[PDB]
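> Each position in the sequence shown, counted from 1, maps to that position plus 41 in PDB author numbering.
Backbone N, C-alpha and C define an ideal beta-carbon position, used for all residues, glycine too.
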Amino acid sequence: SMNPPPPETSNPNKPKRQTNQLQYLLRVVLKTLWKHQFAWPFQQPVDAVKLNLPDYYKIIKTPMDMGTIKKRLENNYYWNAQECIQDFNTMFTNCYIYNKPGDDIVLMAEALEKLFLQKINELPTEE
Ligand SMILES: Cc1nnc2ccc(NCCc3ccccc3)nn12
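(1) Please confirm whether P104 and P48 have their CB atoms less than 8 Å apart.
(2) Contact between the segment 157 to 164 and the segment 103 to 118: three or more CB pairs below 8 Å?
(3) Is DSSP giving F157 helix, strand or coil here?
(4) Near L156, what residues of its chain come up, given a Cβ to Cβ distance below 8 Å and the 5 sequence neighbours on each side ignored?
(5) Candidates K102, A89, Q84 and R113: which alpha carbon is nearest residue 32's?
(6) Under the assumption that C136 contacts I126 (Cβ atoms under 8 Å), give the Cβ distance between them as a whole number of angstroms.
(7) Which term fits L71, buried or exposed, when burial requires 16 or more other beta carbons within 10 angstroms of its beta carbon?
(8) Run through DSSP, which three-state label would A122 get?
(9) Is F133 near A152, with beta carbons less than 8 Å apart?
(10) Tell me whether the beta-carbon of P95 lies closer than 8 Å to the beta-carbon of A89.
(11) Using the Cα positions of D128 and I110, report the straight-line distance between them to the nearest angstrom.
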């Protein structure tokens, strides 16, 4: 069995910025979700080999996880807040696509998504 390479976290030719909204995404959003008791399955790419999920990467074609988001935020990989918000949404959506309602992993994603939505509701206006 094999995992794909992880999503890109470094690209020198990609234009990027350090905005107040992106700072909020790291200091408030990512940090809140990262410390949560249900964050652990989402702190690194899904390891389909170790978890014995050979169909995972046959179904999930745009993988995303908080370890990748954390690296992207720390490396100032993004141009805007929308790009980062899309990464969080991809992460939750993938979990719902792959799994069944009521599964433990889905309940965990739902708890993190609730907090995500609460924090993004207060995303500051751009400076
Ligand atoms: C992320 C992600 N997206 N879909 C899946 C499917 C399984 C999975 N297993 C990780 C270990 C685990 C088992 C039970 C409950 C919580 C975590 N992680 N995962």
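Checking against the coordinates, here is how it stands:
(1) Their beta carbons are under 8 Å apart, which means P104 touches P48 by this criterion.
(2) The segment 157 to 164, when compared against the segment 103 to 118, does not touch it at the 8 Å Cβ threshold.
(3) If DSSP states are grouped into helix, strand and coil, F157 belongs with the helices.
(4) Correct list, in chain order: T73, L74 and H77.
(5) Here the chain comprises residues numbered 42 to 168, so residue 32 is not present and cannot be evaluated.
(6) Here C136 is actually not in contact with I126; their C-beta atoms are around 16 Å apart, not less than 8 Å.
(7) Buried.
(8) Note: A122 maps to helix in three-state DSSP.
(9) Not closer than 8 Å, so no.
(10) With contacts defined by Cβ atoms closer than 8 Å, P95 and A89 form a contacting pair.
(11) For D128 and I110, the distance between alpha carbons rounds to 7 Å.
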